Amino acid sequence: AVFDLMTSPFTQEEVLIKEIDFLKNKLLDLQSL
Amino acid sequence: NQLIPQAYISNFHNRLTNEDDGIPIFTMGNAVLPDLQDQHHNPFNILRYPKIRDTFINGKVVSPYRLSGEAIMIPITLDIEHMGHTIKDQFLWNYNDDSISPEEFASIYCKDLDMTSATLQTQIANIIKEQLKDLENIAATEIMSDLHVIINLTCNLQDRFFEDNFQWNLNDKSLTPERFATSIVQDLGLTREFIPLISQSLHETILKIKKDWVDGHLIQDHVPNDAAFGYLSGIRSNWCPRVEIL
Amino acid sequence: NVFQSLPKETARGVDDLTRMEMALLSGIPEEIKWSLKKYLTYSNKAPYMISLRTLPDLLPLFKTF
Amino acid sequence: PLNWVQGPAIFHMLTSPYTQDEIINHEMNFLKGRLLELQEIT
C-alpha cells in the first residue's frame with residue numbers, strides 16, 4: 001500500500017481506469033483460485 | 001527544519017535593472033559578500049549584507065527551464081530596444097552547430113530577463129537568422145600566404161573603452177583569440193566580463209580581414225607597421241593595450 | 001515572503017521514475033540494484049506504467065545488462 | 001507532456017516470506033482494500 005509521485009502521459013483518472021482494468025482481472029484471477 | 005531550500009530564488013532581473021550593478025543588458029568587515037568570512041553557522045548573519053537580503057526580499061520563485069567537425073564562430077550582435085529599456089550584448093555563434101535553435105535561445109534569453117513577451121523571441125531570432133545567413137560563408141575562409149596584418153581593436157563596455165594594437169597572423173591558428181583575450185585580462189587585472197567581449201570583438205575583426213580577402217580579394221600584405229625589432233629589419237613594437245576611461 | 005510560494009510537487013527533489021532512470025544511467029551499482037528492484041516491483045504490480053509503448057527509451061537500458 | 005499524477009498503491013508487505021501461500025490472503029484483502037476505495041471514485 002505504497003503510493004508514488006511520477007510523470008505520465010495519462011491523467012489521474014486514466015491511471016485509475018488502468019487500475020480498474022488491472023485490479024478487476026487480478027480480482028477475478030484470485031477469487032477463482 | 002530550519003533549512004533553506006536549494007532552489008526557488010531567481011532575483012536576477014531585479015539586479016539586471018538595479019542601476020548600480022554595471023550590467024549593459026538593460027538600461028531602464030568591509031566586504032559586500034561573505035565569500036571570505038565565516039558566520040559561525042547562524043544563517044541570520046547573512047542578512048547583515050545588503051546585496052543578500054536584497055535577494056531575500058525582492059526575490060522571486062522560479063520554475064526550472066527544461067530542454068560537426070569544425071566550429072564556425074560568428075559573433076552575433078543583438079540590439080533591440082523594448083519598452084524604454086534596450087537589449088545590448090554580443091555573443092559568438094557556432095554556425096556549424098545547430099543543436100539549439102535561435103528561437104530556443106531567444107526563449108531562453110527572455111526568461112532570464114523576465115520578459116517572456118513571445119515577440120522578442122521572434123525579433124531576437126529573426127536578427128540572429130539574419131546575421132547567421134549574412135555571414136554564413138564569410139567566416140568559413142581558408143586564408144594562407146601569411147597576411148600578417150596589424151590590428152587595432154576597440155571594446156565598448158560602460159564607458160571603459162579598451163584599446164590595443166598588435167600584429168596578428170591570420171594564417172597560423174595556434175593562438176585562439178579567446179585565449180588572446182584571456183591573456184590581456186589576466187595581466188591587466190580586469191573582470192571576467194572582458195573575456196567574452198574582447199574575443200567577440202576580435203572574431204568580428206577577423207571576419208572583416210577575412211571579408212577583404214574573399215569579397216574584394218585585396219591582398220595588401222605590404223609592410224605591417226613595426227618598430228624595427230622583429231620581422232622587418234628597419235634599423236635593428238607597435239603599441240600596448242590600455243583600458244581608456246572616456 | 002519568497003519562501004512560502006514553494007511548489008509542493010517539486011519540494012522533495014526529483015520524482016521516483018527519474019530517480020530510478022538516472023540510477024541505471026549512473027554507474028552506481030547499488031542505485032542500479034535499487035532501481036532494478038523498483039523496476040521489478042513495478043513490473044509485477046503495474047505493467048501499464050513501464051510499458052515499452054509508453055516508455056520507448058527503456059529497451060536499451062535493460063539490454064546493457 | 002507532463003502530468004504529475006499519484007502512483008498506484010503497490011502491495012508492499014512488511015514481513016517478506018518466500019512461499020506464495022502466505023501472500024494471497026493479505027493480497028486478496030489488499031484487492032478488497034484497494035478496489036473498494038477505487039469504486040467510490042467512479
Those residues of the range C:5-34 which are over 20 Å from D:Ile10 (Cβ atoms), within 14 Å of chain A (Cβ to nearest Cβ) and hydrophobic (A, V, I, L, M, F, W, C) amount to C:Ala11, C:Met22
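Only one of B:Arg53, B:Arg48 is charged (D, E, K, R) and in contact with a helix residue (DSSP H, G or I) (Cβ under 8 Å, 6 or more places away or on another chain). Can you tell me which? Spell out the reasoning first.
Numbers: B:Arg48 fails: in contact with a helix residue (DSSP H, G or I) (Cβ under 8 Å, 6 or more places away or on another chain).
Going through B:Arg53, B:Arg48 in turn, just one is charged (D, E, K, R) and in contact with a helix residue (DSSP H, G or I) (Cβ under 8 Å, 6 or more places away or on another chain): B:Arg53.
So if I check each of B:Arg160, B:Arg242, B:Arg192, which one is surrounded by fewer than 11 Cβ atoms within 10 Å (Cβ to Cβ) and basic (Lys, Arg)?
Numbers: B:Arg160 fails: surrounded by fewer than 11 Cβ atoms within 10 Å (Cβ to Cβ); B:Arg242 fails: surrounded by fewer than 11 Cβ atoms within 10 Å (Cβ to Cβ).
Sole residue among the options that is surrounded by fewer than 11 Cβ atoms within 10 Å (Cβ to Cβ) and basic (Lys, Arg): B:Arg192.
Going by the conditions given, is B:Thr17 of a type in the set (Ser, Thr, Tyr) and touching a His at 6+ places or on another chain (Cβ under 6 Å)?
Values: of a type in the set (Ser, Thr, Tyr): yes; touching a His at 6+ places or on another chain (Cβ under 6 Å): no.
So B:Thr17 fails the test.
Name the residues in the range D:27-42 that are assigned to a loop (DSSP other than H, G, I, E, B) and at the interface with chain A (Cβ under 10 Å from one of its Cβ atoms), would you?
At the first step, the residues of the range D:27-42 found to be assigned to a loop (DSSP other than H, G, I, E, B) are D:40-42.
Within the range D:27-42, D:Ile41, D:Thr42 meet the criteria.
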- Message: Take C:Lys37 and tell me if it is part of a helix (DSSP H, G or I), under 15 Å from the mean Cα position of the chain (by Cα) and within 14 Å of chain A (Cβ to nearest Cβ).
- Response: yes
Residue hits (chain A; within 7 Å of chain D (Cβ to nearest Cβ), surrounded by 15 or more Cβ atoms within 10 Å (Cβ to Cβ) and out of contact with any helix residue (DSSP H, G or I) (no Cβ under 9 Å at 6 or more places or on another chain)) are A:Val15
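Applying the selection to the range B:2-49, what residues are part of a loop (DSSP other than H, G, I, E, B), within 14 Å of chain C (Cβ to nearest Cβ) and within 28 Å of the chain's Cα centre (by Cα)? Even if it seems obvious, please write down each step before you answer.
So in the range B:2-49, the residues part of a loop (DSSP other than H, G, I, E, B) come out as B:2-12, B:17-42, B:49.
Then keep just the ones that are within 14 Å of chain C (Cβ to nearest Cβ); that gives B:2-12.
Within the range B:2-49, B:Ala7, B:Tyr8, B:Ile9, B:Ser10, B:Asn11, B:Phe12 qualify.
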The one condition B:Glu103 fails out of (1) within 22 Å of B:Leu207 (Cα to Cα); (2) in a helix (DSSP H, G or I); (3) out of contact with any strand residue (DSSP E or B) (no Cβ under 6 Å at 6 or more places or on another chain) is (1)
Restricting attention to the range B:1-50, the residues that are surrounded by fewer than 14 Cβ atoms within 10 Å (Cβ to Cβ), under 19 Å from B:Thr191 (Cα atoms) and of a type outside the set (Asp, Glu) number exactly 5
The condition from (1) closer than 20 Å to B:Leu197 by Cβ; (2) under 18 Å from the mean Cα position of the chain (by Cα); (3) surrounded by 13 or more Cβ atoms within 10 Å (Cβ to Cβ) that B:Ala106 misses is numbered (1)
Contact list, first residue from the range C:1-24 and exposed (fewer than 13 other Cβ atoms within 10 Å of the Cβ), second anywhere and in a helix (DSSP H, G or I) and basic (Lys, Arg), beta-carbon distance below 8 Å, six or more apart or interchain, is C:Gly13/C:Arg19
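How many residues, within the range B:51-77, are surrounded by 10 or more Cβ atoms within 10 Å (Cβ to Cβ) and either among the hydrophobic types (A, V, I, L, M, F, W, C) or not in a loop (DSSP other than H, G, I, E, B) (or both)? Before you say what the answer is, go through the steps one by one.
So the first thing to find is which residues in the range B:51-77 are surrounded by 10 or more Cβ atoms within 10 Å (Cβ to Cβ), and the list is B:51-63, B:71-77.
Next cut, either among the hydrophobic types (A, V, I, L, M, F, W, C) or not in a loop (DSSP other than H, G, I, E, B) (or both) only: B:51-57, B:61-62, B:71-77.
Qualifying residue count for the region: 16.
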Going through the range B:180-192 in order, the residues found to be over 22 Å from B:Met144 (Cβ atoms) and either in contact with a helix residue (DSSP H, G or I) (Cβ under 9 Å, 6 or more places away or on another chain) or among the aliphatic types (A, V, I, L, M) (or both) are B:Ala181, B:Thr182, B:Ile184, B:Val185, B:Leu188, B:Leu190, B:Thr191, B:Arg192
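Is it fair to say C:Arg53 is over 15 Å from the mean Cα position of the chain (by Cα), within 11 Å of chain A (Cβ to nearest Cβ), part of a loop (DSSP other than H, G, I, E, B) and loosely packed, with under 15 Cβ neighbours inside 10 Å?
On the way: over 15 Å from the mean Cα position of the chain (by Cα): yes; within 11 Å of chain A (Cβ to nearest Cβ): yes; part of a loop (DSSP other than H, G, I, E, B): yes; loosely packed, with under 15 Cβ neighbours inside 10 Å: yes.
Yes; evaluated as a whole, the condition is true for this residue.
Tell me which residues, restricted to the range D:8-26, are out of contact with any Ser or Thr (no Cβ under 9 Å at 6 or more places or on another chain) and either facing another protein chain (nearest Cβ under 7 Å) or assigned to a loop (DSSP other than H, G, I, E, B) (or both).
Of everything in the range D:8-26, those that are out of contact with any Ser or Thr (no Cβ under 9 Å at 6 or more places or on another chain) and either facing another protein chain (nearest Cβ under 7 Å) or assigned to a loop (DSSP other than H, G, I, E, B) (or both) turn out to be D:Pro8, D:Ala9, D:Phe11, D:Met13, D:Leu14, D:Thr15, D:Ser16, D:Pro17, D:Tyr18, D:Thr19, D:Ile23, D:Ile24.
Every number in this text was worked out from the coordinates using simple rules, so none of it is lab data. Using ideal geometry, Cβ is built from the backbone for each residue, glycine included, and neighbour counts are taken over all protein chains shown.
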